[PDB]
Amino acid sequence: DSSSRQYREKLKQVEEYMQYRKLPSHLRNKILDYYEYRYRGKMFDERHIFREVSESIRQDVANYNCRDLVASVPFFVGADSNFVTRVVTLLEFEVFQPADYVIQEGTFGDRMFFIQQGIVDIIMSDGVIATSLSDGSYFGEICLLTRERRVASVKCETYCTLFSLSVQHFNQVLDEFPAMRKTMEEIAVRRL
């Protein structure tokens, strides 16, 4: 009930803002669809709760909420439990919509992404689709490894729920667990 009020609250002011900005209907609808899809009529916080509790509770909760993702990512198979715990506590939940470009070829990158659910296309600079990726895969790591630029664009086919890891956190966890930098570099190369 408190989570429901939070959402109705939010949605009212969103529609007011979109009115003052005279946003086109297509864009107003994109935004309303996003709130509905992501929040489904309820807005808790989690950030507040996480901060009120111990580091142990935060790890336990992050591990549970990310259980399905961890099981779906072959990358995490046989990984050190401390590695998995560190990553899941640093992941940020993100949602994207059909046809959204999560990544543009040739730009700088600030984070990488793990796919919880959804399908994305990997699009080369010439416009050819190299491949599509889905649940349990990840992308946007190459740029973080080379500190150069994005080598392909990534476009959502469906609604996508992703968990991102920032370049700062990425570099942190790979230093703490060097074995995982090695395994990561190997897939980067094998994205030919």
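The first residue of the shown sequence is 1; numbering continues from there.
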Seminar exercise, completed: Taking the deposited Cα B-factors and averaging over 112-120 and over 86-94, the higher mean is found in 86-94
Seminar exercise, completed: Going by the entry, of stretches 146-154 and 37-45 the one with greater average Cα B-factor is 37-45
For this session: Report the option among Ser125, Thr131, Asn29, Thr161 whose CA atom has the maximum B-factor in the deposited record.
Result: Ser125
Seminar exercise, completed: Split the chain's modelled residues into thirds by Cα B-factor; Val77 lands in the highest
